[PDB]
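Data first, discussion second: the structure below is written as structure tokens.
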Amino acid sequence: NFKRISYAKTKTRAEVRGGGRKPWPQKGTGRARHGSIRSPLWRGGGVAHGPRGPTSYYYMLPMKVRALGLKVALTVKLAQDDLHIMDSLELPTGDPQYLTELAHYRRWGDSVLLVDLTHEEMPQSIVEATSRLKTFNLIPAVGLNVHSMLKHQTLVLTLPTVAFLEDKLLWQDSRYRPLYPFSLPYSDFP
Amino acid sequence: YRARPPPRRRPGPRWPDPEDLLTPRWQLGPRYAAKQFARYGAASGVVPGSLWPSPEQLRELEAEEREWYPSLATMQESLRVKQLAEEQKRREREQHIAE
Amino acid sequence: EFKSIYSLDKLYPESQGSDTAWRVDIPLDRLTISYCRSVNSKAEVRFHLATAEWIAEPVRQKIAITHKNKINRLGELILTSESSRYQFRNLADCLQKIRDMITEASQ
Amino acid sequence: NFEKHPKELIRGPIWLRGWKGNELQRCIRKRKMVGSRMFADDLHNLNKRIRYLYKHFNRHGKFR
Amino acid sequence: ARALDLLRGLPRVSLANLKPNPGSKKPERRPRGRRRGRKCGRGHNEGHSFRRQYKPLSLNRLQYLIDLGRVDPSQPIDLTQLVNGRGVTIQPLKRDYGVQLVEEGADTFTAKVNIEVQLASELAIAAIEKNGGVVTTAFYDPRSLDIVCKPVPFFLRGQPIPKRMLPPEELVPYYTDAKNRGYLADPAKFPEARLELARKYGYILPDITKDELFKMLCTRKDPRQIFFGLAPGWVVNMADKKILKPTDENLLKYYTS
Amino acid sequence: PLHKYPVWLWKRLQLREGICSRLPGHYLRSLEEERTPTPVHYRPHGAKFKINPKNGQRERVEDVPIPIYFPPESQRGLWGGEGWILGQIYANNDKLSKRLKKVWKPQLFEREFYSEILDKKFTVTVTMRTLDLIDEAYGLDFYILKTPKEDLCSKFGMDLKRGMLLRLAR
Amino acid sequence: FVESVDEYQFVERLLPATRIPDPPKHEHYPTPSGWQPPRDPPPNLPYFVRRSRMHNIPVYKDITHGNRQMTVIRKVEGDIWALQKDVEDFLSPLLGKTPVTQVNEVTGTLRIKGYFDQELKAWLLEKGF
Ligand SMILES: [Mg+2]
Ligand SMILES: [Mg+2]
């Protein structure tokens with residue numbers, strides 16, 4: 001639900017075209033009088049309580065708790081015979097078929113997500129072979145997240161990047177009361 | 001495949017185009033480039049003349065102090081006058097009650 | 001350093017020395033103090049009125065006469081009171097009760 | 001490392017990019033953000049429904 | 001820990017399993033039906049704003065932070081120290097006053113400090129001085145205190161350093177008397193007050209000048225200088241790690257108020 | 001959908017657009033600045049910050065610029081900066097009564113001046129306040145030389161100032 | 001007017017901190033206000049207690065429903081039912097009635113109806129770990 005903001009709209013008892021006057025003779029016929037030929041009771045008028053306004057549901061909810069849950073899902077992938085953590089995401093070959101055949105040979109899973117330490121320092125051969133990996137993916141440092149944490153069958157973390165995630169969760173561990181927004185400088189922020 | 005790398009910060013503090021008609025006044029004024037200096041040092045900023053206040057503004061600050069700050073001696077004299085008046089009023093009330 | 005226009009170098013123009021920050025009756029060695037929560041409490045101080053060299057002989061006699069109820073079987077004068085229990089409010093109106101008793105025995 | 005919140009990562013309209021109030025609040029934000037950028041039909045429409053909702057909040061309902 | 005292996009006793013925890021916790025949200029009943037709804041919800045203070053507010057600092061919690069290491073005693077105990085480690089927080093708004101010491105239970109409290117609060121008890125002054133503290137009370141004006149308390153942001157604000165204005169007339173006599181162990185009183189009148197308090201506390205006032213941190217204790221903060229170590233009117237160039245200070249004579253004069 | 005630039009500068013937008021954007025830069029400045037004049041009825045308050053009357057609180061306060069209700073005919077002469085006021089009022093100036101819409105119109109006088117800079121006599125309507133303004137300026141030519149055209153707040157006097165400036169620079 | 005300066009040590013003490021560290025050593029135990037370090041090594045009890053981020057014994061009250069006072073230990077780990085039995089046993093002399101307690105096995109917590117707070121903190125302290 002993080003960012004989706006739907007746009008579907010409607011019209012109200014004054015939005016869609018037409019309607020100011022009494023529509024027909026209110027009592028001469030045996031029919032029903034109304035207020036308009038533009039209220040929501042007739043054939044063409046209003047969708048009276050439909051979703052008005054392009055709505056949004058952003059939720060900057062408890063971020064330390066989000067961190068702990070992200071850790072939790074990482075732990076789930078750890079115990080589930082999925083956390084195959086590699087030393088470095090180098091590609092010994094250039095063919096994506098090499099990755100596919102190794103993955104079937106490793107019995108890793110039906111889907112793979114490998115993440116590295118730095119995007120610019122991600123190996124060119126690995127991404128180049130990965131570009132045709134129609135179901136596998138490669139990811140940078142901050143991208144380890146929840147829907148991602150279910151996304152593949154298994155995740156391949158880079159070792160120094162694994163330490164980076166550890167340090168991140170460690171800074172997530174025991175965060176004092178924030179009295180300033182943590183984007184600016186601090187005593188030991190980096 | 002692999003997505004584009006995630007968002008980075010802006011390339012230091014950027015001054016805006018004063019010709020641009022779209023810019024809000026909050027980030028293009030006198031203290032705004034001061035905020036830019038406070039962001040990117042003098043390393044990206046301008047000469048630090050914006051840091052010190054203006055001489056006309058200096059006289060304005062002096063006027064603000066003169067209409068907004070007394071001296072401690074004046075306050076002490078006012079307190080002494082108030083205490084003397086309170087003691088005289090108390091003595092007069094006691095004399096009126098005694099009579 | 002920086003000195004204000006209204007700085008203490010002028011705001012206290014006479015006293016430029018550091019020692020005037022804190023530079024300087026009831027004896028500390030002779031008496032014994034006691035506080036214990038008994039909620040309720042009772043805080044007391046006792047001292048040997050016979051050994052009271054800090055009191056004049058007529059003053060010691062007046063203390064032994066008026067505070068004879070405060071004089072114990074061991075000849076120790078003790079005083080206990082009731083407000084609240086720690087450092088500054090509990091021990092030294094016990095001390096000051098002793099001092100005021102001495103002052104009243106003086107005259 | 002706290003460079004930028006998720007509260008900016010959303011690609012969506014600047015009327016409502018992350019201050020999610022009620023319907024009446026939604027329109028109020030739409031006005032005070034972008035009202036001087038609409039064609040006259042949208043301005044009259046937003047004014048119309050804003051009057052409607054301001055009457056809607058405190059007049060007739062189930063809890064009183 | 002049987003938890004992880006017991007989880008290993010199932011298939012891979014896919015997206016098809018992330019269940020909301022039972023008791024997440026009560027059921028969203030559309031107000032209708034044969035059971036819930038047939039009619040659907042209808043049936044058939046004068047000067048409170050001018051009152052000052054001062055944050056009461058629990059000095060037992062000051063002892064806690066002393067013990068817990070939030071605020072070390074090796075340097076002065078200022079509002080910078082009082083906020084910097086998150087032991088007790090200030091609120092600049094609501095027309096507030098600032099930091100002031102609390103009044104209960106100084107039993108078992110062994111440390112040396114130099115407290116600088118807006119207000120404190122005479123018992124609190126004797127509490128500080130019992131182990132030999134330093135007690136001073138200036139003002140902290142509204143914009144001034146707000147700049148002081150959260151010093152991180154104004155260090156990167158960009159304006160030059162403001163100087164603290166003197167307290168108002170009502171607050172003036174409070175700081176003017178050394179009986180409060182304040183900042184704006186006679187620096188010799190403090191000694192007789194210390195002696196009278198030591199008599200009233202039954203306290204042996206040690207010669208703190210003989211102590212090792214006496215020079216550290218000798219720091220009594222200058223008025224109109226919120227930063228304990230910096231210069232009035234300065235500018236914290238936090239990027240280049242520099243201090244931008246003016247040199248203009250009239251600027252120095254208006255700065256030297 | 002939404003229009004990109006804001007209509008709050010739409011007129012100003014046309015000011016940079018085309019043939020009119022080839023106008024003189026001095027004309028651009030003279031139509032660009034918006035310095036305000038001294039009021040006709042909005043007496044200026046003292047300073048920036050002052051003590052509250054019933055609260056005793058130092059608050060910063062400004063003054064409201066009352067809009068000058070300028071009838072068209074007063075542009076045809078050299079009136080002052082005064083005019084009428086189209087507003088409302090209470091019967092006893094008491095807010096607990098039913099107020100009615102009201103007007104405060106000026107009392108003009110048809111007078112004459114004889115400018116040496118114009119070297120001619122022009123007779124038009126003016127104000128006694130405008131008479132005092134000219135007398136404080138000590139001459140109609142010096143007054144035309146003195147006040148801003150934005151301070152002039154009159155078309156005929158602005159035209160007279162334009163003529164005087166053309167004569168002086170000629 | 002301007003002059004470059006290098007005396008930012010005064011700047012350094014002005015920098016407030018975020019990452020709260022473990023406390024400095026107060027020589028005697030308990031502390032002046034009575035804080036404590038956890039004892040080392042930890043005991044061989046299957047009930048396991050972690051401490052706070054700000055380093056205290058993890059006991060808390062609970063207030064709800066007007067008269068509802070209760071309490072809980074939050075970060076329990078291990079075979080928590082043993083800790084529940086122990087809490088009932090300590091509570092057994094404390095109020096006589098059997099302890100009205102519930103664990104939060106997924107949340108890894110224990111909660112006892114009623115506020116027996118300071119004595120419970122004492123029981124955890126005497127446990128040492
Ligand atoms: Mg329709
Ligand atoms: Mg509760």
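Each chain of the structure tokens is named A, B, ... in the order shown, its residues numbered from 1; ligands are numbered from 1 in display order.
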*ligand 2: which residues are within 8 Å, counting only C-alpha atoms and all ligand atoms, as a PyMOL selection string?*
chain G and resi 61-64+69-71
Using the selection just defined, write its residues with N, CA, C and O atoms as a short mmCIF file (atom, residue, chain, number, x, y, z; two decimals), in the first residue's frame.
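Here's the written file out28.cif:
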data_model
loop_
_atom_site.label_atom_id
_atom_site.label_comp_id
_atom_site.auth_asym_id
_atom_site.auth_seq_id
_atom_site.Cartn_x
_atom_site.Cartn_y
_atom_site.Cartn_z
N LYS G 61 4.36 -1.75 33.29
CA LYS G 61 2.97 -1.78 33.72
C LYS G 61 2.04 -1.85 32.51
O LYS G 61 2.48 -1.98 31.37
N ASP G 62 0.74 -1.76 32.78
CA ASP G 62 -0.26 -1.76 31.72
C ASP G 62 -1.56 -1.22 32.29
O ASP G 62 -2.07 -1.76 33.27
N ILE G 63 -2.09 -0.17 31.67
CA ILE G 63 -3.28 0.51 32.16
C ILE G 63 -4.32 0.55 31.05
O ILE G 63 -4.05 1.02 29.94
N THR G 64 -5.52 0.06 31.35
CA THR G 64 -6.61 0.08 30.40
C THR G 64 -7.92 -0.08 31.15
O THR G 64 -7.94 -0.39 32.34
N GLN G 69 -5.49 -2.64 35.79
CA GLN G 69 -4.05 -2.59 35.98
C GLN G 69 -3.48 -3.99 35.81
O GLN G 69 -3.99 -4.95 36.39
N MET G 70 -2.44 -4.10 34.99
CA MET G 70 -1.74 -5.36 34.79
C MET G 70 -0.28 -5.03 34.54
O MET G 70 0.12 -3.86 34.57
N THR G 71 0.53 -6.05 34.29
CA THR G 71 1.94 -5.81 34.02
C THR G 71 2.46 -6.89 33.08
O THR G 71 1.80 -7.92 32.91
#
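Taking only C-alpha atoms and all ligand atoms into account, ligand 1 has within 10 Å the residues residues 10, 11, 12, 13, 15, 16, 17, 38, 39, 40, 41, 42, 43, 44, 45, 46, 47 and 48 of chain A.
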*How would you write, as a ChimeraX atom specification, the set of residues in chain D that DSSP gives as helix (DSSP H, G or I)?*
/D:6-8,23-37,40-57
*Can you list, as a list in words, every protein, DNA or RNA residue that comes within 12 Å of segment 42-47 of chain G when you count only C-alpha atoms, leaving out same-chain residues fewer than 3 positions away?*
residues 1 of chain E; 37, 38, 39, 50, 73, 75, 76, 77, 78, 79, 80, 81, 82, 83, 84, 85, 86, 87, 108, 109, 110, 124, 125, 126, 127, 128 and 129 of chain G
Would you mind exporting C-alpha atoms of the selected residues as a PDB file, in the first residue's frame?
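So result_20.pdb came out as:
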ATOM      1  CA  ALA E   1      15.066 -22.966  20.068  1.00  0.00           C
TER       2      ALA E   1
ATOM      3  CA  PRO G  37      24.736  -4.139  34.976  1.00  0.00           C
ATOM      4  CA  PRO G  38      23.453  -7.581  34.011  1.00  0.00           C
ATOM      5  CA  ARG G  39      25.476 -10.309  35.665  1.00  0.00           C
ATOM      6  CA  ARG G  50      17.032  -9.459  27.415  1.00  0.00           C
ATOM      7  CA  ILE G  73       7.770  -8.635  30.844  1.00  0.00           C
ATOM      8  CA  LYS G  75      11.301  -9.566  25.575  1.00  0.00           C
ATOM      9  CA  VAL G  76      11.021 -13.103  26.931  1.00  0.00           C
ATOM     10  CA  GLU G  77      12.815 -15.917  25.108  1.00  0.00           C
ATOM     11  CA  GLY G  78      13.129 -19.686  25.443  1.00  0.00           C
ATOM     12  CA  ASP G  79      10.577 -21.999  27.050  1.00  0.00           C
ATOM     13  CA  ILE G  80       8.403 -19.157  28.353  1.00  0.00           C
ATOM     14  CA  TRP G  81       5.950 -21.455  30.129  1.00  0.00           C
ATOM     15  CA  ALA G  82       8.681 -22.108  32.695  1.00  0.00           C
ATOM     16  CA  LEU G  83       8.885 -18.372  33.344  1.00  0.00           C
ATOM     17  CA  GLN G  84       5.103 -18.329  33.725  1.00  0.00           C
ATOM     18  CA  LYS G  85       5.233 -21.124  36.295  1.00  0.00           C
ATOM     19  CA  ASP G  86       8.020 -19.312  38.138  1.00  0.00           C
ATOM     20  CA  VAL G  87       6.062 -16.058  38.128  1.00  0.00           C
ATOM     21  CA  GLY G 108       7.680 -13.727  23.032  1.00  0.00           C
ATOM     22  CA  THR G 109       6.248 -12.018  26.099  1.00  0.00           C
ATOM     23  CA  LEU G 110       4.674 -12.789  29.446  1.00  0.00           C
ATOM     24  CA  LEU G 124      14.260 -10.643  37.832  1.00  0.00           C
ATOM     25  CA  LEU G 125      17.190  -8.833  39.465  1.00  0.00           C
ATOM     26  CA  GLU G 126      17.687 -11.648  41.972  1.00  0.00           C
ATOM     27  CA  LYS G 127      17.605 -13.994  39.006  1.00  0.00           C
ATOM     28  CA  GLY G 128      20.520 -11.891  37.741  1.00  0.00           C
ATOM     29  CA  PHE G 129      19.927 -12.747  34.078  1.00  0.00           C
TER      30      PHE G 129
END
Could you make a table, as CSV, of the residues of segment 206-253 of chain E that have an atom within 12 Å of an atom of segment 55-78 of chain B, each with its nearest atom pair and distance in Å to one decimal, counting only C-alpha atoms, in chain and number order?
residue,atom,partner,partner_atom,distance
E:248,CA,B:55,CA,10.2
E:249,CA,B:55,CA,11.2
E:250,CA,B:58,CA,8.4
E:251,CA,B:58,CA,7.5
E:252,CA,B:58,CA,10.9
E:253,CA,B:58,CA,10.4
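Residue neighbourhood of residue 113 of chain F, excluding near-sequence residues (fewer than 2 positions): residues 111, 115, 121, 122, 123 and 140 of chain F, at 8 Å, using only C-alpha atoms.
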Could you please take those selected residues and save C-alpha atoms as a tab-separated table (two decimals), in the first residue's frame?
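File produced: result.tsv:
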chain	number	residue	atom	x	y	z
F	111	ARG	CA	-9.18	75.80	-8.99
F	115	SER	CA	2.98	76.63	-14.13
F	121	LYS	CA	-2.54	78.34	-16.64
F	122	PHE	CA	-4.47	75.09	-16.22
F	123	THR	CA	-7.78	75.19	-14.37
F	140	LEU	CA	2.74	72.82	-9.11
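For chain D, the residues close to chain F, meaning within 9 Å and counting only C-alpha atoms, are residues 34, 36, 37, 38, 39 and 42 of chain D.
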